[PDB]
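# Fold and geometry: a report
Each chain, written out:
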Amino acid sequence: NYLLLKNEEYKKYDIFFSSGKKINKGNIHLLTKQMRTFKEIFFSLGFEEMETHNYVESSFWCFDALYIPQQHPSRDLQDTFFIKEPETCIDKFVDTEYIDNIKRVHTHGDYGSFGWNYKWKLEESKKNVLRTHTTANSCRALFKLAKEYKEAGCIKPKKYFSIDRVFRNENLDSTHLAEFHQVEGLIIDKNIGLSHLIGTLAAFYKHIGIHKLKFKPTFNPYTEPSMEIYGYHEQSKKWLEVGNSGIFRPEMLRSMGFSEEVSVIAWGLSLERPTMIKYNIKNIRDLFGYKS
Amino acid sequence: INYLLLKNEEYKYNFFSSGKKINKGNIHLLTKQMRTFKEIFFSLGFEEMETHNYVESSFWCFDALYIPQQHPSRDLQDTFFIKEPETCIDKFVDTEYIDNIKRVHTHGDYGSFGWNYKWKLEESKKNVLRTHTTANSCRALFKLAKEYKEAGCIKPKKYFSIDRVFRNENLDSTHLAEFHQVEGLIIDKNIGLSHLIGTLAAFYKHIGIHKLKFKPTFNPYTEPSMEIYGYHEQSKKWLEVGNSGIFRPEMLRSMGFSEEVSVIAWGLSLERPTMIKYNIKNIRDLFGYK
Amino acid sequence: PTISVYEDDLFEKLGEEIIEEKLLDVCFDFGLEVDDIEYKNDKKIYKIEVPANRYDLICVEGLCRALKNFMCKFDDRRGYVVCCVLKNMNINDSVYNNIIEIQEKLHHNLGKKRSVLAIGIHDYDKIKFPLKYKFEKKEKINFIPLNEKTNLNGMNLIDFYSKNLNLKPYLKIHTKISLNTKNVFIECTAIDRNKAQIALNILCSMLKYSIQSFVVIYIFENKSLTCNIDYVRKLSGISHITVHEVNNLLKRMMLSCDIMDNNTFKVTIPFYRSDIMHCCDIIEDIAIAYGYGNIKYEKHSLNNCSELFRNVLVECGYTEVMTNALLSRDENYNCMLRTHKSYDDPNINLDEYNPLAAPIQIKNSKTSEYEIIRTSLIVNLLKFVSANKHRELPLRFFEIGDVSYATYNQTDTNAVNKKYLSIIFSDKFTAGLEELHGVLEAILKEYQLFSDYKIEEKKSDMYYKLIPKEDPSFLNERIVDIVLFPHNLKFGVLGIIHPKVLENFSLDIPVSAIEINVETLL
Amino acid sequence: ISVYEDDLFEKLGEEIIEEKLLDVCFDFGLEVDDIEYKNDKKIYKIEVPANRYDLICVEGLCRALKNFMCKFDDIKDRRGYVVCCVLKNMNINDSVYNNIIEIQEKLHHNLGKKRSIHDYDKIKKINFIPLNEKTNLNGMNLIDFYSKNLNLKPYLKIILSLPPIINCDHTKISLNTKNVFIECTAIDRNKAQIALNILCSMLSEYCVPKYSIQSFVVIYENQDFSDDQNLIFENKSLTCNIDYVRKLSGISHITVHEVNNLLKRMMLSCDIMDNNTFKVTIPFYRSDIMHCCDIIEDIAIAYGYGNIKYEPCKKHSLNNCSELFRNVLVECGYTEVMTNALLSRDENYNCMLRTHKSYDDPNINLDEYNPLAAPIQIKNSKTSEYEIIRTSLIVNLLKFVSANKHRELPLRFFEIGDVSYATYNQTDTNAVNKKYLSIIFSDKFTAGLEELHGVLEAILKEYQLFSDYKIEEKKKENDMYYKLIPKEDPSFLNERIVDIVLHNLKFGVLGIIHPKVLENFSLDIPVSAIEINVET
Ligand SMILES: COc1ccc(NC(=O)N2CCCCN3[C@H](CN(C)C)[C@H](c4ccc(C#Cc5ccccc5)cc4)[C@@H]3C2)cc1
Ligand SMILES: COc1ccc(NC(=O)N2CCCCN3[C@H](CN(C)C)[C@H](c4ccc(C#Cc5ccccc5)cc4)[C@@H]3C2)cc1
Ligand SMILES: [Mg+2]
């Protein structure tokens, strides 16, 4: 209202402080903003960013590099995404490193106990698939570590974390979509077990807002000791899987030449649903994509 | 020329420079360079220390770094001295209130010599404006000291600090009274120059790929020191880009760190590289007015 | 899995009385899970998740049995078909639907559209003649025992008669159901013998658990897993005494055998197990029994997460500015209309939030403008703004930083350095208290979406409010302090500066401004 | 510190080069540019370090520099009694007089910190005037003479003329004299012996016996300061362990070369008889803390910092430098949009006039950095729109704009993401996934391409790449950057479509889409868009 040098008091009146200007702003996507926050917290814990620079992945890494039987409902269609255009990949370290050890493991035992009983053919395992499990990229970074482990480093406990979009297609779900974005964390060192996993989940899920309060056993094929984790915010006295975790199995593990004293722990969860939680949103079919 | 009315009834180039810039909102350049530096530092695997204060007493500023007060720094021709809270109190009454350091000032520890100087306390207690960010840094070292003894292990740590620093030389067109200095320090057992040389090479490689050359200097915080300069064809075909030095076990082992502990540090300006980067010729425009 | 679980009748099969709200707890502690579950008009029932790792929980019988035991209670190479029968038995409807359910589960769940999967059950009250069938294709055919067929001959071309619900074909892709019989038989086809015995042995355990043999024309085998104890000790994160192990394995139907070098045990795994070779699972079960929760197991950020505002701020054309180090006293006392200070603050500054003034002076400094450090950034900005009053029309700037004051207690050196930020508008015509309000509101929409207005609309805790106040530097009735807590801790101000200061600072165009602490934000 | 060019070549007696002298000094601790000449003698000045007093004078300095580059060798509170002792005879000249005055001008003010005779010619209240003046004053009345100019006022006091204000009233030999007995008094009795030994051998270069002193020191070994004057050169030793220095200096395994280096830097080691110990003898000419740190500093100077053998946390990241683009982009009012995962075939092939694949792509290994064709297909899923992955994401962006036909007039959006196409060669998995960005503008009425150009140049201004022409203009006003070449692609409007270029590597496009596509996408208003790689 002011343009007056001499004319100080020609006042109209010094006349409501409940409003906003509300003009053009220009904004960032919420999900990448969440991604930001997560990278912040992870690098705060002392983690190293992995490289999920891929969008398609052979079945071997997808299923068989892990103890996942080929004859399975996941491998069955209608619940995964299959590329089939370049359905063929070549070059994995057959040479006393991965392939024939794993083939043995689905048909016999090694690197620990014995037993999987199946016709582990290679070709179907070699069919290129669209990611349903981000851990694939994760697992790659293990084997290279494997070689590092052998060269000179005996015990260098490593912490890794990965996030990028993954997808499945059941048909059209009334709750979930084609898996916007998935977080995953992995710790690896000598002789590590549950207590460490529980402690670190407590720490993390404390940093997110909640306080881990309950963990319930679940059934999972790549991590035999698995669980569904729960921390408490005022949703109901019921719940929904607030993410999962578990530690891997020497079956796939010792097949990269890791030590016998080597144990690793992992956990994964969704990125959209926590966001839905944060900014008080429902039915994320407008938050993402259109009507955003 | 520009096409609209794209309804079906459509009845029917100076790529020279640009199109009209409209409102443009940007960040300070020095902040952008600070960003880039944080990126590369954490990329090497560093940890940001907390230099969020610029008041540090002379003690942390000077005597903790084993420098006699009577020197060109203490003189007012090169420093800035506060008088409002001129006295501080919380100092570790232990090790005779770090009277260990005075002794080291006056007499010897780790087999070294002092100055046969009284090294009175008051000058240590005069509150000063920081001229070396490292002061704040050194504090965070001592905590580690206790931790190390509280654990007996040896954990090589990497640290870096950036925040405003100040000096008062003159008012002649040389350099200004406040500025900003990035600083890095590594700590571990039985490590020497070669590591320092290499890590400077790598770091100053990230700033550019320049073969480096360094000449010895004489400085009280680092008894074995050098001035580093690397080549990006400036005027003498290179630039006196940075300062450096190696640790000082004299005061060091008097903080309780170890007999085998060695640390290395190096510091430099954030502005001067910026001046070089964004095609600038003198430091009067990045700072303050544009 | 699926939700094929069944009626409440279990409470009888268990013969106990533990109400609901006391059962779903145990399932959640087991591995089983159920969403809202419905009733068949007069029968209160539920449905259950049931993992397909073990076939022991696939059926209502095996499930209820495991729950009972759980807590502290007690030439064409033909696919080798096997066919077993019992001696005596008995069925009813509540058991007819269950045997049909298992026939539907081993087929749907275990069968991947039933390639090596099929169920050939019937009764042992028809014939008993020994025979062999493995042959070439066939020689003749007359009929077959299926419900949708009652003539078997006359029109439909032979070897092929395809009509059923969904998966009608199997070749290229009745007589009596024996309802309420006493003798019972069953046939089944498999790929080969290992998975044959695997898929077949399950039907055996149906009911007091005794069945005639099977005709072996040319069986239940258990296995063993050795486990070291330090292995499990490290994994599960406990320090078991290993007798607790025998107790746990008893409670989960695992008859261990305790081969003990003090550091080894050996467990006897039957077929009715979520079978997996490495004895890892063993610890999975010991952990289920011990309870995940009952393991003995056993931070702030400012300059990295502050740039949020900075980013949000440079949006919308606001540019950042780096202040000068320090400013002359009169520049903060005489130029500004405030001139005040709380030297002997002791009452004041009872808590170091609330952007205030209590400045720290400096000796041996430049005699031009270097007498005291900043306390509110706007002045230095104004100094900058007093330097470039010729640029484009709307000038909008901001700055975050660290500042400093003198502190009596609370610091080793009796001084403090806290960071806050200020922002400034000028357009030669108006102020921007409308724009600036939108801005402030947007930032606090970037952390809280709550100032005061539109309430905490229904479509609300720990948020702020703008209280109008009076400070001289700003124009009356057009100045507001800002505050946020259940502790009434004011930390921000928003105002239009009083023109007299502009006369002081050789300013010409109208400006509006905001100044808020951040270090307080939390 | 004035060189006096010929004085050097005399005191040293050598002739090599100008640049090989500044070179040697630069390899020593001192170096100075900004060094000028007087009239017919071209001189320089250098900032000697204040750690040791041995380099203060051009004499000691040139001597040490001789010793350095493998040339030379060595030579052979009420205070009670301040010491002022020298020898009997010597010899002077002008070219040494100007230098002897220099220590009096530096040693007192610089090192003495406001300074907290020397005649021995005609030698053993107010009486007379010191040198130049002819006045007296009985008590303390003297400050009246000259106190504002460069005088003793700026060193008055703190609480046999005077220590801080030399006056030389009684004695003085001459500027051109033969006997000399230097005197100086100090605050306390420790630096005294120091300063006397320094002046002592400091000028013993100018003496008749060439660093030899009478002083008849051959009688006693004890000065009680009572009968010695009323009725000096002491060295020290520092033991040094060798693995310590080996670790520090980063070049190791020798122990005699240590002796050679310490000889060449005027040190005279002593070889503490074990293979791992020394007892180096620090003389007065050094004031450096006994700790072996500085000893290794000298060993390292002599070995030459450059000649340490060792060299070996990597590039490691790009997606951190994408947030740059993101910030700069939203600074321009552009909002972010997350597209759908995958697109219909015809949505990217038949809607746009697309013939997609040249799989072989004549270049044997296609193009590491390049735009996208040769798409990646998919096996059929239960979905009705999940037929292929993206190849140019803008289409989904376009699809998005067909979704919100009521928002503000200027719709300004952008997107970063990973895209994927088919790869025959050594690319693992036989498929590639590269990151790109596209941005789009639309207004209900007019166009873009004026804005988009500004946007592009603004994004590229924080990296220096400039439009093939801006660099010219700047050259016209006082490289390794890009250029926009118009091209021909059907998807875009003619005379309004441009490819981008760097190494002649096309990575981006900028254009106005053809109205037919807008008809396809149920659009009404004209849009403009760009699609550019980043990995490039
Ligand atoms: C406090 O913020 C939150 C945060 C999250 C949530 N909700 C989720 O956390 N969800 C949504 C509920 C159901 C859908 N789930 C999907 C499938 N899932 C039923 C099995 C999906 C999912 C899929 C796989 C994993 C995994 C894994 C893993 C990795 C390594 C080892 C072992 C396991 C995690 C989630 C979401 C999870 C709520 C609030
Ligand atoms: C490629 O980009 C660059 C980048 C930089 C530059 N220039 C500089 O790097 N400068 C400017 C030249 C002279 C002014 N210096 C000041 C004082 N200084 C003569 C001693 C100041 C300075 C002061 C102290 C230190 C230090 C330190 C230290 C820390 C730990 C241990 C030991 C020592 C560093 C710089 C600048 C440096 C050019 C291009
Ligand atoms: Mg030194």
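Residues numbered from 1 in each chain as written, not as in the entry; some residues may be left out. Chains lettered and ligands numbered in written order. Heavy atoms only, no water. Residues with missing side-chain atoms left out of burial classes, pairs and counts.

Its PDB header attributes the entry to X-ray crystallography and lists the resolution as 3.5970 Å.

## As for the overall build of chain B
Secondary structure assignment for chain B yields 9 helices and 7 strands. Over its C-alpha trace chain B gives a radius of gyration of 24 Å, far above what one expects of a compact globule, namely 19 Å for 290 residues. With respect to the principal axes defined by its C-alpha atoms, chain B has extents near 95 × 40 × 40 Å. (Helix = DSSP H or I, 4+ residues; strand = E, 2+ residues; numbered from the N terminus. Rg over C-alpha atoms; globule rule 2.2 N^0.38 Å.)

## As for the interface of chain B and chain D
Listed as interface residues are 46 residues of chain B and, on the opposing side, 46 residues of chain D. Looking at the side of chain B that touches chain D, the elements that each hand over two or more residues are α1 (29-44), α7 (193-206), β5 (212-217) and β6 (225-230) of chain B. Broken down by class, the residue content of the side of chain B that touches chain D amounts to 23 nonpolar, 16 polar and 7 charged. (Contact = heavy atoms within 4.5 Å. Nonpolar A, V, L, I, M, F, W, Y, C, P; charged D, E, K, R; others polar.)

## A short note on the arrangement of the chains
Ranking the 5 pairs of chains in contact by number of contacts places chains B and D first. Note that chain A does not reach chain B: the shortest distance linking a C-alpha of one to a C-alpha of the other is 9 Å.

## Details of the sheet that holds strand β3 (residues 82-85) of chain C
Residues and elements named next belong to chain C. A sheet is described by the order of its strands in space; here 3 strands give the open sequence β3-β5-β4, paired in antiparallel fashion. Every other strand in the sheet has two partners, leaving β3 and β4 (120-122) as the edge strands with one partner each. Pairs of neighbouring strands in the sheet enclose a mean axial angle of 10°, with direction left out of account. (Pairing = 2+ DSSP bridges. Axes fitted to C-alpha atoms, helices over the stretch in contact; angles between N-to-C directions.)

## Focus on the pairing of strand β12 (residues 395-406) of chain C
Residues and elements named next belong to chain C. Here 2 bridges tie strand β8 (residues 319-320) to β12, and the two strands are oriented parallel to one another. The residue of β12 that forms the bridge with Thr 319 is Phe 397. Pairing between β12 and strand β13 (residues 415-426): 12 bridges, direction antiparallel. Its bridge partner being in β13, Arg 396 is matched across the sheet by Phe 425.

## Description of the interface of chain C and chain B
The interface of chain C with chain B comprises 32 residues on the first partner and 34 residues on the second. Among the secondary structure elements, those contributing two or more residues to the side of chain C that touches chain B are α9 (307-314), β8, β10 (362-363), β12 and β13 of chain C. Tallied by class, the residues present in the side of chain C that touches chain B amount to 12 nonpolar, 12 polar and 8 charged. In terms of strand pairing, strand β2 (residues 81-82) of chain B meets β10(C) through 2 bridges, oriented antiparallel. Residue pairing in the sheet places B:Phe81 in a bridge with C:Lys363 of β10(C).

## Quick look at the domain arrangement of chain D
As assigned here, chain D comprises domain 1 (236-303) and domain 2 (319-533). For domain 1 of chain D and domain 2 of chain D, the distance between their C-alpha centroids amounts to 66 Å. (Domains from an automatic or database assignment.)

## Quick word on helix α4 (residues 94-111) of chain D
Given 3.6 residues per turn, any residue in an α-helix points the same way as the ones three and four places further on. Its 18 residues place the ends of α4(D) 25 Å apart at the C-alpha level, agreeing with the 26 Å of an ideal helix rising 1.5 Å per residue. In the stretch just after α4(D), D:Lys113 is the one whose phi turns positive, near 55°. (Expected span 1.5 Å × (residues − 1).)

## Looking at the packing of aromatic side chains
Pairing A:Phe60 with A:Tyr98 gives two aromatic rings, centres 6.2 Å apart and planes at 70°, and the pair type is edge-to-face. With A:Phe60 in helix α2 (residues 59-64) and A:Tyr98 in the loop between β3 (81-82) and α3 (99-105), the pair connects residues that are 38 residues apart, well separated along the chain. Taking 4.8 Å as the distance between ring centres and 10° as the angle between the ring planes, the aromatic pair formed by B:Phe41 and B:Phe160 counts as stacked. In this pair, B:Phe41 sits in helix α1 while B:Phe160 sits in strand β3 (residues 157-166), placing the two residues 119 residues apart along the sequence. The structure contains a cluster of three or more aromatic residues connected by ring pairs, namely A:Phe38, A:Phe42, A:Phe43, A:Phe47, A:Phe161, A:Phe204, A:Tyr205 and A:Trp267. Just above the ring of C:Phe474 sits the side chain of C:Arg338; from NZ or CZ to the centre is 5.9 Å. Over the face of the ring belonging to D:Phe68 we find D:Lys264, whose NZ or CZ atom lies 5.4 Å from the ring centre. (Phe/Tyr/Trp six-rings, centres within 6.5 Å; stacked < 30°, edge-to-face > 60°. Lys NZ or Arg CZ within 6 Å of the ring centre and 35° of its normal.)

## Describing the sheet that holds strand β4 (residues 178-189) of chain B
The strands that make up a sheet are held in pairs by hydrogen bonds between backbone atoms, and each pair lies either parallel or antiparallel. Residue and element names in this part refer to chain B. Judged by pairing direction, the sheet is mixed, and its 4 strands sit side by side in the order β1-β3-β4-β7 without closing on themselves. Looking at the sheet topology across the chains shown, the edges are occupied by β1 (47-48) and β7 (261-269). Examined bridge by bridge, β3 and β4 share 10 bridges and lie antiparallel to one another. Each bridged residue has a counterpart across the sheet, and for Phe 160 the counterpart in β4 is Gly 184. Helix α6 (residues 134-151) contacts β3 and β4 of the sheet and is inclined by roughly 25° relative to β4.

## Some details on the pattern of salt bridges
The partner of A:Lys238 in a salt bridge is C:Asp36, with the nearest N and O atoms 3.9 Å apart. With one member in each of two chains, A:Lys238 in the loop between β8 (226-231) and β9 (244-247) and C:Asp36 in the loop between α2 (24-30) and β1 (39-40) form a pair that bridges those chains. The partner of D:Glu472 in a salt bridge is D:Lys475, and the shortest N-O contact between them spans 2.8 Å. Of this pair, D:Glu472 and D:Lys475 are both found in helix α13 (residues 470-475), 3 residues apart, which corresponds to roughly one turn of the helix. (Salt bridge = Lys/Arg side-chain N within 4 Å of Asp/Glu carboxyl O.)

## Some details on the UniProt feature "binding site: Mg(2+)" (unreviewed entry) in chain B
Under the local residue numbering, the UniProt record ascribes the feature "binding site: Mg(2+)" (unreviewed entry) to B:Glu223. Take B:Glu223: it is sitting in the loop between β5 and β6. (UniProt positions renumbered as here; feature names shortened; annotations may be inferred.)

## Remarks on the packing of α9(C) against helix α12 (residues 433-447) of chain C
All names here are of chain C. Closest axis-to-axis distance for the α9/α12 pair is 11 Å, and the angle between their directions is 135°. When the axes of α9 and α12 are compared, the pair comes out oblique. In this structure, α9 crosses over α12, and the sense of that crossing is right-handed. Here α9 contributes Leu 308, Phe 309, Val 312 and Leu 313 to the contact with α12, which in turn contributes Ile 443, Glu 446 and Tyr 447. Broken down by class, the residue content of the contact of α9 with α12 amounts to 6 nonpolar, no polar and 1 charged. (Parallel < 35°, antiparallel > 145°, perpendicular 65-115°, else oblique. Left-handed = near helix turned anticlockwise from the far one by under 90°.)

## Focus on the environment of C:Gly79
All names here are of chain C. Inspection of the secondary structure assignment puts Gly 79 in the loop between α3 (60-70) and β3. Once the C-alpha coordinates of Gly 79 and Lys 134 are considered, the two residues, 55 residues apart in sequence, prove to be 9.5 Å apart. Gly 79 has contacts with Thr 189, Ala 190 and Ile 191, leaving out every residue within four places of it along the chain.

## Things to note about the environment of D:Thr281
Residue and element names in this part refer to chain D. By the element assignment, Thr 281 lies in strand β2 (residues 277-282). Sequence separation between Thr 281 and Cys 270 is 11 residues, and the spatial gap between their C-alpha atoms is 7.1 Å. Not counting chain neighbours up to four residues away, the residues in contact with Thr 281 comprise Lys 236, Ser 237, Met 267, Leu 268 and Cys 270. One polar contact links the side chain of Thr 281 to the main-chain carbonyl oxygen of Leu 268, over a distance of 2.8 Å. (Polar contact = N/O pair within 3.5 Å; in protein donor to acceptor, adjacent residues only side chain to side chain.)

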